[PDB]
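The structure appears below as structure tokens.
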Amino acid sequence: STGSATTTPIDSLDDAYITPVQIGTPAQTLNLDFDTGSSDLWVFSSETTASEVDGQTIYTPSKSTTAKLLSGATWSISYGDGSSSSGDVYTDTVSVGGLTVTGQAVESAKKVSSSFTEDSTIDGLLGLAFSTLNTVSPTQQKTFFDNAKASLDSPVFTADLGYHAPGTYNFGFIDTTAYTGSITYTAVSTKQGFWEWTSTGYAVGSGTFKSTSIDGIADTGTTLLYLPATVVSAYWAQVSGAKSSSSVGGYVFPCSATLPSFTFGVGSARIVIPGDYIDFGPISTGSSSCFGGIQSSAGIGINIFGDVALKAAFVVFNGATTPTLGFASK
């Protein structure tokens with residue numbers, strides 16, 4: 001089998017992307033944030049504290065003839081941005097772009113933190129990291145991809161995120177019309193549960209490529225590109241007036257600037273992020289200070305190839321027995 005679904009930016013900055021997902025019988029369609037950095041499929045629901053729902057579409061398990069309470073199971077997750085959610089668990093039928101999994105764990109939120117409430121466009125998350133990170137207790141549950149894998153034509157999914165435009169998540173096949181040149185595959189460590197790989201270096205604008213190993217994760221659920229402070233300083237030093245602002249929480253730059261591109265290495269191949277992809281707009285409405293899309297990872301503990309980097313590429317998440325990642329230009 002295969003599946004193919006369009007993913008759409010939630011706002012004019014590409015802060016996140018939502019993908020429609022069918023849950024239950026009859027189908028209830030919710031718009032989920034596909035997150036290769038986590039491993040829980042959780043939804044706003046009829047069980048979510050009413051004051052914490054503000055415009056999201058909710059899953060109502062009592063209206064699904066295929067929903068079954070997973071008795072005793074609870075979940076609770078905290079994300080790198082400080083947000084969190086928790087609740088109980090149902091199994092139900094879940095379909096993405098025509099690919100159907102029966103018996104998928106659907107984690108129903110009883111509580112969500114303010115950032116989720118305040119984002120009316122995201123109805124939940126669909127985790128695509130490794131199932132070892134799934135938070136359901138006492139019986140850990142599998143991701144949608146893990147449950148689908150055996151049925152797929154090939155044990156892969158691909159992320160093709162757009163810049164200020166829709167893109168595609170495919171399951172079970174590689175669309176050879178969706179990229180240019182060849183796909184370069186690179187090794188993955190699953191020891192931390194992530195799609196963790198090692199970039200071979202970077203360049204800033206038209207500058208020379210610096211060969212240096214940068215370990216990080218391919219994370220569709222993180223907006224920006226988080227890299228070591230040395231790399232990030234070298235980037236912003238090429239933008240007149242750019243500075244790191246403790247009060248804003250990162251590098252800012254004059255909105256009048258033209259940003260240089262940023263290149264990252266995948267083996268001997270190179271992915272070029274155009275400068276415009278690194279502009280996240282005014283820090284507050286009407287400000288002439290703009291927020292940068294490349295930020296230091298020094299306070300995170302891990303480097304994160306988030307959407308800013310991934311949207312410049314066609315990305316293969318290869319879930320074969322030994323997983324690997326593939327990157328192509330597009």
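FYI, side chains are in, hydrogens and waters are out, and symmetry mates aren't considered; it's all heavy atoms of this structure. All residue numbers refer to positions in the sequence shown, counting from 1.
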### Message
Distance alone, cut at 3.5 Å: any donor-acceptor contact between the side chains of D307 and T223?
### Response
no
## Note on the structure
Only one of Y169, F194, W195 passes ring-ring contact (aromatic ring centres under 6.0 Å, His included) with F317, and that residue is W195
### Query
Which of parallel (below 30°), tilted (30 to 60°) and perpendicular (above 60°) describes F305 and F264?
tilted
### Residue among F130, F34, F171 satisfying side-chain contact (heavy atoms from CB on, under 4.5 Å) with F145
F171
### Whether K330 side chain and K311 backbone form a donor-acceptor pair below 3.5 Å
yes
### Message
If I take atom CG from residue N31 and atom OG from residue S120, how far apart are they, to the nearest 0.5 angstrom?
### Response
10.5 Å
### Query
Given the rule that I, L, V, M, F, W and Y join up when any side-chain heavy atoms are under 4.5 Å apart, are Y185 and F314 in one cluster?
yes
### Query
Is there a donor in the side chain of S51 and an acceptor in the side chain of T49, or the other way round, less than 3.5 Å apart?
no
### Query
Judged by modelled atom types alone, do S38 and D40 share a side-chain donor-acceptor pair under 3.5 Å?
no
### Message
With rounding to the nearest 0.5 angstrom, report the CG to CD1 distance, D215 to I302.
### Response
6.5 Å
### Task
Evaluate the side-chain proximity of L30 to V21: yes if any heavy-atom separation is below 4.5 Å, no if none is.
no
### Message
Are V315 and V272 connected into the same hydrophobic cluster when the rule is that any two of I, L, V, M, F, W, Y join if their side-chain heavy atoms are below 4.5 Å apart?
### Response
no
### Side-chain donor-acceptor pair present, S76, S86, cut-off under 3.5 Å
no
### Donor-acceptor side-chain pairing of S62 and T60 below 3.5 angstrom
no
### Test item: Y277 and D14 side chains (from C-beta on) under 4.5 Å apart, heavy atoms
no
### Query
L152, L128: one ILVMFWY side-chain cluster at the under-4.5 Å cut-off?
yes
### Message
I'd like to check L32 versus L41 (side-chain heavy atoms, cut-off strictly below 4.5 Å). Are they in contact?
### Response
yes
### Query
Can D219 and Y226 be counted as having a side-chain donor-acceptor contact under 3.5 angstrom?
no
### Task
Would you kindly confirm whether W197 and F209 end up in one hydrophobic cluster when ILVMFWY residues are joined by side chain heavy atoms under 4.5 Å apart?
no
### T132 side chain near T190 side chain, heavy-atom distance below 4.5 Å
no
### Message
If we check side-chain contact (heavy atoms from CB on, under 4.5 Å) with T48, which of these qualifies: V53, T117, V43?
### Response
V53
### Message
Is it true that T168 and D160 share a donor-acceptor pair across their side chains at a distance under 3.5 Å?
### Response
no
### Message
Using 30° and 60° as the class boundaries, would you call the ring planes of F116 and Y79 parallel, tilted or perpendicular?
### Response
perpendicular
### Query
Hey, mind stepping through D153 and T2 against side-chain hydrogen bond (donor to acceptor under 3.5 Å, both in side chains) and telling me if it holds?
CA-CA 7 Å; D153 290 356; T2 64; 5.3 Å; no
### Message
As a quick check of understanding, evaluate side-chain hydrogen bond (donor to acceptor under 3.5 Å, both in side chains) for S78 and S84, giving each step before the final call.
### Response
CA-CA 4 Å; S78 310; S84 63; 5.3 Å; no
### Query
Any luck finding a side-chain donor-acceptor pair between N134 and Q141 under 3.5 Å?
no
### Exceeds 12 heavy-atom contacts within 6.0 angstrom, atom NZ of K210
no
### Message
As a quick check of understanding, evaluate side-chain contact (heavy atoms from CB on, under 4.5 Å) for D175 and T158, giving each step before the final call.
### Response
CA-CA 9 Å; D175 179 357; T158 65; over 6 Å; no
